[PDB]
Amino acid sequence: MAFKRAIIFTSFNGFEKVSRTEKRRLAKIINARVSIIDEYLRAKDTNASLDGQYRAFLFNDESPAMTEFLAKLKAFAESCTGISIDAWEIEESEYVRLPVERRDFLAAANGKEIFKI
């Protein structure tokens, strides 16, 4: 079926200090897609959990849930100068055939760009 990964890369600008409330919001947006199924993606409201982190979110694209999630990120990312968010889209069939080493890094390099805020 239409399985895709939304490769999300979150980094800190330095253009502006990041609030603790802004961190708690982003971590909350991410954890809405986190369960026992993919606990490794879990985010905390700390700098180590959000700065320079790649997160590959699995979606069935025939569902609108991927669009919802990306919209929540884009909406957030535009009301927060301190955090940059980049998003790519990649086939799951291409994702699993990538190496495991630096996989999310290579997915962003070979994935289709969605936005860079």
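Start at 1 with the first residue shown and count on from there.
Visitor: Would you check the entry's CA temperature factor for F76 and let me know if it's in the chain's lowest, middle or highest third?
Guide: It falls in the top third of the chain.
Visitor: Report the third (lowest, middle or highest) to which the CA temperature factor of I7 belongs, ranking only the modelled residues of the same chain.
Guide: It belongs to the lowest third of the chain when residues are ordered by C-alpha B-factor.
Visitor: Ranking every modelled residue in this chain by its Cα temperature factor as given in the entry, which third contains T67?
Guide: Its C-alpha B-factor, which the entry lists for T67, ranks in the middle third among residues of this chain.
Visitor: Using only modelled residues of the chain, where does the Cα B factor of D86 rank: lowest third, middle third or highest third?
Guide: Middle third, going by the recorded CA B-factors of the chain.
Visitor: Using the B-factors in the PDB entry, rank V18's C-alpha atom against the chain and give the third, lowest, middle or highest.
Guide: Within its chain, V18 is a highest-third residue by C-alpha B-factor, going by the deposited values.
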